[PDB]
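Undergrad: Fold the stuff below for me.
(4 chains, ligands or ions: 8)
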Amino acid sequence: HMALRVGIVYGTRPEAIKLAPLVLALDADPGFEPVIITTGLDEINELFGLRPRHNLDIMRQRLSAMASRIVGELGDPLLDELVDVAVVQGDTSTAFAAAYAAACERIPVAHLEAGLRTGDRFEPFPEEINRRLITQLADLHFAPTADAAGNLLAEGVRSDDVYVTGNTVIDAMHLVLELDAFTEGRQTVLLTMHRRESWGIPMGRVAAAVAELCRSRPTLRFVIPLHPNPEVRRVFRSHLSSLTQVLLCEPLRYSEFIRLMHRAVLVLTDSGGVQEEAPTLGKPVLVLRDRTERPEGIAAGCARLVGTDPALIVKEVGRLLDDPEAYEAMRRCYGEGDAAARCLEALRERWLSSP
Amino acid sequence: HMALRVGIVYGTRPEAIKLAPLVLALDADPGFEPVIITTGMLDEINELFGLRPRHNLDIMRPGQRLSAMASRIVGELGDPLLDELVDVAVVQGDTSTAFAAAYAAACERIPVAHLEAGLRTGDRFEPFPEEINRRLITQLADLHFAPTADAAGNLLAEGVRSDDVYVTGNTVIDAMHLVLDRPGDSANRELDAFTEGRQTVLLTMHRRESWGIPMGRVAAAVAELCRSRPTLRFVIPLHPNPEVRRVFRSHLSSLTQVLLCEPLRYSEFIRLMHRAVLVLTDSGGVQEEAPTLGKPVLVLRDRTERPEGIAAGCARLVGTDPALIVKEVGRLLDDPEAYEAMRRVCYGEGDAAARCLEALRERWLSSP
Amino acid sequence: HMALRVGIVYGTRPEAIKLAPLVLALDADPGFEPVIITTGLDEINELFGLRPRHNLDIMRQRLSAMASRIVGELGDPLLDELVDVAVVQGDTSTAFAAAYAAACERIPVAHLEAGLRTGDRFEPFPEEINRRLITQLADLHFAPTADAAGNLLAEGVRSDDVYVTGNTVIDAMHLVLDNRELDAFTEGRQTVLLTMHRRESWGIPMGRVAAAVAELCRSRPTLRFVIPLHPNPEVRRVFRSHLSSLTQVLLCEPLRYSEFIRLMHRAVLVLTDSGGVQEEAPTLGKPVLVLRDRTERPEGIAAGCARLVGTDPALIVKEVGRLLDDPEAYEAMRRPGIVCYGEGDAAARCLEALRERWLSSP
Amino acid sequence: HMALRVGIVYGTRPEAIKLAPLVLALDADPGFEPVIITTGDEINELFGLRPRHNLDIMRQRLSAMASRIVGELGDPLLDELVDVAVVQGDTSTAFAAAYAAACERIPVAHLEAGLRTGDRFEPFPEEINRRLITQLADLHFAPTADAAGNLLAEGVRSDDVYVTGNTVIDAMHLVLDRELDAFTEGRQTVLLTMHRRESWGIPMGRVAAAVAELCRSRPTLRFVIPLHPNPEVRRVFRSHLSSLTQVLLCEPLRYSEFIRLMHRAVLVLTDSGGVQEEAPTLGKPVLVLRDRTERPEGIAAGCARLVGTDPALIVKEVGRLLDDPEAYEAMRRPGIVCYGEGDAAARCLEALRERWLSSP
Ligand SMILES: O=c1ccn([C@@H]2O[C@H](COP(=O)(O)OP(=O)(O)O)[C@@H](O)[C@H]2O)c(=O)[nH]1
Ligand SMILES: O=c1ccn([C@@H]2O[C@H](COP(=O)(O)OP(=O)(O)O)[C@@H](O)[C@H]2O)c(=O)[nH]1
Ligand SMILES: O=c1ccn([C@@H]2O[C@H](COP(=O)(O)OP(=O)(O)O)[C@@H](O)[C@H]2O)c(=O)[nH]1
Ligand SMILES: O=c1ccn([C@@H]2O[C@H](COP(=O)(O)OP(=O)(O)O)[C@@H](O)[C@H]2O)c(=O)[nH]1
Ligand code: NA
Ligand code: NA
Ligand code: NA
Ligand code: NA
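TA: Residues are numbered from 1 along each chain as shown, chains lettered A, B, ... in the order given. Ligands and ions are numbered 1, 2, ... in the order given. Next up is the structure itself:
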């Protein structure tokens, strides 16, 4: 019996984690077959049982060269694997270039995690322009919130093409629910920082803030899983590697990482995923950015913008550690953890029905 | 002294004609320098308007996949844009060049302006890829030169800030005016001989979705009208594709009432449109040009991105139904009341190049 | 003003000579534009004013590699030049591969010099199979004789697709009838013209023909031979090694078409395995002895203009002697009233066929 | 008679200007033949430089560029029968070309040798390039005694170091032999050039802000700003200053036009290495738009002052020089010569002749 062959295209850990619940749902349901094509991970592929049919070796590079290669070369594997529908996730240059490649072969596109907007043009670049381009290419939009759905309507998308499914990152969290020795019976702050526009001086300022807090509060601990880039590792290592209050880590497997987030007293991050995951475990989030495409957590008081100002990070972390009223004010946004299923029903409704 | 270096990227006759007025204005004004980069019939238009390309990427050929073409423009346009020290890039219309070039410009953080912005059919991926290209260019462009208020509205509906939209009108009107004051370059011996003191219908048809059977139906309609009306003449400049030429040639080449032509130089073509009693076309350009010369237009399509001419009664949808084409052409030839009902500016005054310049100056040649 | 863009594809001197009249006619008539694409000549291009738009550098080689490249690469130039119709000539692997390439792009094909058959399968190879393949690909067939038209009908071609136009090689002859040393050598002597090039005759059989020229030369001191040599070092060596000492023989480089037709006009008779020369020589009333065991030109055989002689030296000697001694046998091989292969207006008749087929509506 | 075939390798305007005097001297003297190989036309035409080969390598990752020059420059050096190669300055070309020459056992001379900031990999890769070229070169043409000292400190034998001065002074003299005049005529004109990559974005914005404040405060003051050919540099200046008719933003100027303008300027703001050498030689005070320089000679002699990208300090420092004629004359003090007399090409030739056209 005919399965809808659903192309799944990603290049990065974040995309893979958010797409994994949808791949698993597509694999479980007999009406669909997931066909994974990567542009890049093996740790996450193993954890969720993702088996790529093809790996283009494109990402290492100028944005134009990367986009050129994906547009040029993704058509063939999509045609060879007899893909009926392609799903791309998020704001990546892969999601955009893959969606354009799909459109060139008249393969309909669905967009997982659609409608997030900062409101500031080409800020960040190229993520903000990618979302707006994918938005025009996609036939179907899986919005994580009503706010996100509104942003799509404002860019001319028909209401019938938008499903508020919530975020699959919540599904993924639920599927995974020396580090213990280090955290056991201590107040532990979890920090991740990776955004390219923060590399160098601004990361130094955040590392300085962690240092000031550490000396001021001998019982305080930090765990910092480092983004796999030698420039990011060097700024943190050169600022914090001597302080035994800080445990610098290699990237953690998603299970180990979500477990650690569960034990943390609060979370400092510029991650989009962590901004969605941490509030769901009732951990206050201080966002190491000047803007966010996740204003829901800001408005609800789950999360506060803090940027890369060391004085403000120190103040804000202290406030939450000392004053339990301010702490509880940031605990009670992004879906129930059944988003994969709601995506499937949207796909079934759109491409597995007749009038 | 520092000039705003304005990149001008096109691949096709239609783009070149619409961009020519803007290139000329940029060349005349000392504050700007036009830098033409082509991705490509064109040398004729380049010569007529004095366009001198700085670079010609040899990317577009007849039998190429859309993905391969887009891939090459995205891959290769960056370097010439950087080497020529381009500050701002202008793309025109709905072409896959305009989209791929705009994306390439954006990758190098070169701001983009879109000439002829906001035209919409309202039907998704219809036609493909023109409708999706417009929507993609719309998100890439910092500045939008809309030809009408209707077009400006369509941009607002896709989330564009009002301050980024100028209603400049269509540069195709500028271009028309620049070739109507040029009778020597417009003189065509055999065309004049064929039309002089005869009722002449002008027909152009080129849209890919109409190739084969539908063009055959339109050629059948021209045949029926010709035999029924011995004094009636048709001039049909053929799109340079052998499959388009074969359908018209095989249906009409024996009728001496029909003159099948090679593509005509823009001057010769506008002159002919001026002498025509009415126009049958699926062309976007001709739908803008013909009403401006007070020629009724029958549009050989099921939809248009140009509803202004429909609403004003300048133009009527006719599709590729031979019965309806015959009826509609007859109506206009016999009944002078129906004819005058399709004549009276829908698409601007012919000063759009200048209005574009003032938008560029305002946006990228001013400081707080 | 709409011109039918007519692709002209060739790789060799023989194709170029036969296509030149058609190119000239297409250039003269305003309804058509010739678009030449070569797979290779400069001498012939200059003589007839042929100006190639593209030169693919394909022919120098295994048949499969050559065909593969033409099939692979000729489509693009045909599309770029906006060709409406492609013309190929004769039995060459270029004519076949080009016709297939044209057909892949849905470009209709016309075949110049269509329907010649030996009647023996894959003999010669690949010429005989090329003709039969081109025959199925072509929409339009310019047959040079009624016999050739019949052969096309027998392979299932519709009568309406066959025009008996005659051979353009006769047009080409007339266009060059409008050399110091050659005249000096022939002046007041009985001169035999010999050309031999067929690959299946290389080595021993050419040696036998060169032996026959030697025997005839020693036996008949007043007899002269002019032998323009095919441009291949193996062909040049067999003739040079057998005849370079005999001052009765003038071995030549390939001659410009004008010089060659002039020489054929002065010759008393012609020995050849050439298809072109078998068409040209009878038209100048020169008896032809064909250095082959078969011909695709049986019209000259039937009319007595030409006789099969093969590569048997005894028979060549006998047959050349017969014609030189006995003026009754000589006149029996001249029919200067009758034309086997057309009147020299074939280019025009091809144009009217193209106009009728692709520049009219029902 | 045998000419020493001297390879001349460059990829950029700055290298070409500094190498031009040496090429001309090599062309004039019959004992030498210059063989130009570029890795990159106005400058070539102006000085009559005729490249024998143009590798099309520079447009890109540093590793890919270096890899290509190391890989491919050997052949043209061998084909042109080069005996000795000269590289100039701190460019990745000068380094990769010098390494390529060394692989073919072609001796290397370094034009403009020994300039040091003293701060490691700052800037990158210029500072490491100088130290690598320094170990590859057999012969070092130092522009000052300070520079010669830096070479001795990195283990170079004293006999391999000639203090020749800077060829940029020669080049200036070779070009001192309409709208710009109209704009400057009878006005106090500041010349500003700024191009260093580490200053792109915010810091350039701060410098453009300083030009704006000075302009509004001093209606008679004029600025001419020839813009580095990069669209990000052009945008920051255009977006800050294009409305102020006291500022004339320019395209890159031909070397002659540029030196003429510098001659008419009252003072010079720059992060350029070349301009820091040229402007003092025309007695124009220089405010250096950087936090460090490889040219401390002008700092020490008072010809030039570090100013960085702080708008308050640029405003103060430009004002000081415009108002107080004592501070102005303190930055022209005739007597000390920081970067040579303009005869450096000749002194280079005598070093080449001495080293590779003599026998014991
Ligand atoms: O050591 C780590 C750090 C992060 N994450 C996961 O990585 C995702 C997002 O990290 P990223 O670097 O992608 O930031 P983003 O691109 O989402 O802004 C989230 O799902 C995290 O739970 C992880 O598994 N291990
Ligand atoms: O023989 C012709 C036919 C049309 N045009 C012009 O071509 C443009 C329209 O181009 P086309 O119809 O090929 O494309 P479209 O405009 O439909 O996108 C208009 O300005 C016409 O006046 C021309 O110059 N010569
Ligand atoms: O030295 C020569 C020999 C032949 N031909 C001409 O070449 C053509 C035939 O060439 P070939 O015999 O190689 O080809 P074939 O006719 O056997 O296919 C005929 O038109 C001859 O008139 C020529 O111009 N010069
Ligand atoms: O518009 C200009 C700007 C600079 N220069 C010259 O360029 C050289 C310095 O260029 P740049 O500042 O880019 O290089 P740097 O010296 O910092 O390497 C000097 O000799 C200047 O005279 C020029 O001719 N025109
Ligand atoms: Na399944
Ligand atoms: Na101008
Ligand atoms: Na002609
Ligand atoms: Na010399």
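Undergrad: so who does residue A:303 touch?
TA: Taking C-beta atoms under 8 Å, 6 or more residues apart in numbering or on different chains, we find residue A:303 in contact with A:275, A:279, A:284, A:285, A:286, A:287, A:292, A:294, A:297, A:330. Where C-beta positions appear, they are placed from N, C-alpha and C, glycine not excepted.
Undergrad: just those now: which is nearest residue A:118?
TA: The nearest member of the contacts of residue A:303 to residue A:118, counting by C-beta to C-beta, is residue A:292 at 7.0 Å.
Undergrad: circling back to that earlier point, need the contacts of residue A:303 in TSV (columns: distance to residue A:30).
TA: Formatted as TSV, these follow (distance: C-beta to C-beta, whole Å):
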residue	distance to residue A:30
A:275	36
A:279	35
A:284	43
A:285	39
A:286	45
A:287	42
A:292	39
A:294	35
A:297	37
A:330	44
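Undergrad: Write the PyMOL selection for whichever of those are buried.
TA: The PyMOL selection below is limited to those of the contacts of residue A:303 classed as buried (16 or more other C-beta atoms under 10 Å in any protein chain shown):
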select buried, chain A and resi 275+279+284+285+286+287+292+294+297+330
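Undergrad: Now tabulate the contacts of residue A:303 in a markdown table and tack on distance to residue A:6 and secondary structure.
TA: Below are those laid out as a markdown table (distance: C-beta to C-beta, whole Å; DSSP: H, G, I helix; E, B strand; the rest coil):
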| residue | distance to residue A:6 | secondary structure |
| --- | --- | --- |
| A:275 | 27 | helix |
| A:279 | 30 | helix |
| A:284 | 37 | coil |
| A:285 | 32 | strand |
| A:286 | 37 | strand |
| A:287 | 33 | strand |
| A:292 | 30 | coil |
| A:294 | 27 | coil |
| A:297 | 30 | helix |
| A:330 | 38 | coil |
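Undergrad: which among the contacts of residue A:303 gets closest to residue A:214?
TA: Distance to residue A:214 across these (C-beta to C-beta) is lowest for residue A:286, with 15.9 Å.
Undergrad: Grab the nearest non-local neighbour of the closest one.
TA: Leaving aside its chain neighbours, residue A:286 sits nearest to residue A:306 (4.4 Å; criterion: C-beta to C-beta, 6 or more residues apart in numbering or on different chains).
Undergrad: count of neighbours near that neighbour?
TA: When neighbours are counted by other C-beta atoms under 10 Å in any protein chain shown, residue A:306 registers 21.
Undergrad: Check the one 3 residues further on too.
TA: The tally of other residues near residue A:309 (other C-beta under 10 Å) stands at 16.
Undergrad: distance of the residue in the stretch 251-355 of chain A that chain B sits nearest to from residue D:315?
TA: Proximity to chain B, evaluated over the stretch 251-355 of chain A using C-beta to the nearest C-beta, is greatest for residue A:350 at 13.0 Å. For residue A:350, the distance to residue D:315 equals 62 Å [C-beta to C-beta, to the nearest Å].
Undergrad: again, but for residue A:40
TA: Residue A:40 is 51 Å from residue D:315, by C-beta to C-beta.
Undergrad: And for residue A:168?
TA: 55 Å.
Undergrad: Can you list the buried residues in stretch A:199-214?
TA: Residues of stretch A:199-214 classed as buried by neighbour count (16+ other C-beta under 10 Å): A:199, A:202-211, A:213-214.
Undergrad: what about the residue nearest in space to the middle of chain A, helix or strand, and which?
TA: Centrality entry for chain A: nearest residue to the mean C-alpha point is residue A:273, 3.4 Å, by C-alpha atoms, centre = their mean. Assessed by DSSP states H and E, residue A:273 sits inside helix A:272-280.
Undergrad: Run the chain-centre distance for that helix.
TA: Relative to the centre of its chain, helix A:272-280 is centred 8 Å away, using C-alpha atoms, centre = their mean, to the nearest Å.
Undergrad: hang on, isn't the residue of the stretch 251-355 of chain A closest to chain B packed against residue A:142?
TA: No - if you go by C-beta atoms under 8 Å, residue A:350 and residue A:142 don't touch, sitting 11.3 Å apart.
Undergrad: Compare the two (neighbour count), which wins?
TA: residue A:142 (28 against 17).
Undergrad: Pull the contacting residues for the closest residue to that one other than its chain neighbours.
TA: Closest residue to residue A:142 apart from its sequence neighbours, by C-beta to C-beta, 6+ apart: residue A:165 at 4.4 Å. Contact partners of residue A:165, counting by C-beta under 8 Å, 6+ apart, are A:142, A:143, A:144, A:335, A:339, A:342, A:343, A:346.
Undergrad: With secondary structure added, can I get these in TSV?
TA: TSV is the format used below for these (DSSP: H, G, I helix; E, B strand; the rest coil):
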residue	secondary structure
A:142	strand
A:143	strand
A:144	coil
A:335	coil
A:339	helix
A:342	helix
A:343	helix
A:346	helix
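Undergrad: Of those, which count as buried by neighbour count?
TA: For the contacts of residue A:165, buried by 16+ other C-beta under 10 Å: A:142, A:143, A:144, A:335, A:339, A:342, A:343, A:346.
Undergrad: how about the closest residue to residue A:312 other than its chain neighbours, what does it touch?
TA: Leaving aside its chain neighbours, residue A:312 sits nearest to residue A:306 (5.7 Å; criterion: C-beta to C-beta, 6+ apart). Applying C-beta under 8 Å, 6+ apart, one finds that residue A:306 lies in contact with A:268, A:286, A:287, A:288, A:312, A:313, A:316.
Undergrad: With just CA atoms, put stretch A:219-233 into CSV.
TA: Output in CSV follows, covering the C-alpha atoms of stretch A:219-233 (Å, rounded to 0.1, in the frame of the first residue of the first chain):
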residue,chain,number,x,y,z
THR,A,219,29.0,27.3,47.0
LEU,A,220,27.9,28.2,43.4
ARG,A,221,28.8,25.8,40.6
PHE,A,222,28.6,26.2,36.7
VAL,A,223,28.5,23.4,34.1
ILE,A,224,29.4,24.8,30.6
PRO,A,225,29.1,22.3,27.7
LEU,A,226,31.2,24.0,25.0
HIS,A,227,30.0,24.5,21.3
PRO,A,228,32.5,22.5,19.1
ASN,A,229,34.5,25.4,17.7
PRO,A,230,38.1,26.0,18.9
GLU,A,231,37.6,29.9,19.2
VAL,A,232,34.6,29.3,21.5
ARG,A,233,36.5,26.7,23.6
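Undergrad: That stretch vs chain D: in contact?
TA: No - Stretch A:219-233 lies out of reach of chain D by C-beta under 8 Å from any C-beta of the partner chain, never closer than 12.4 Å.
Undergrad: Other residues contacting that stretch?
TA: Applying C-beta under 8 Å, 6+ apart, the external contacts of stretch A:219-233 come out as A:179, A:182-183, A:186-194, A:199-200, A:203, A:210, A:213-214, A:236-237, A:240, A:245-252, A:257, A:260, A:264, A:321.
Undergrad: Just the ones of those residues in strands?
TA: Using DSSP state E, the members of those that fall within strands are A:188, A:189, A:190, A:191, A:192, A:246, A:247, A:248, A:249.
Undergrad: Would you format those residues as a markdown table with neighbour count included?
TA: Formatted as a markdown table, these follow (neighbours: other C-beta atoms under 10 Å in any protein chain shown):
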| residue | neighbour count |
| --- | --- |
| A:188 | 19 |
| A:189 | 25 |
| A:190 | 24 |
| A:191 | 27 |
| A:192 | 22 |
| A:246 | 22 |
| A:247 | 19 |
| A:248 | 16 |
| A:249 | 16 |
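Undergrad: How about chain A: which residue is closest to ligand 3?
TA: residue A:76 (44.2 Å; C-beta to the nearest ligand atom).
Undergrad: Quickly find the element holding that residue.
TA: Secondary structure assignment for residue A:76, by DSSP H and E: helix A:75-80.
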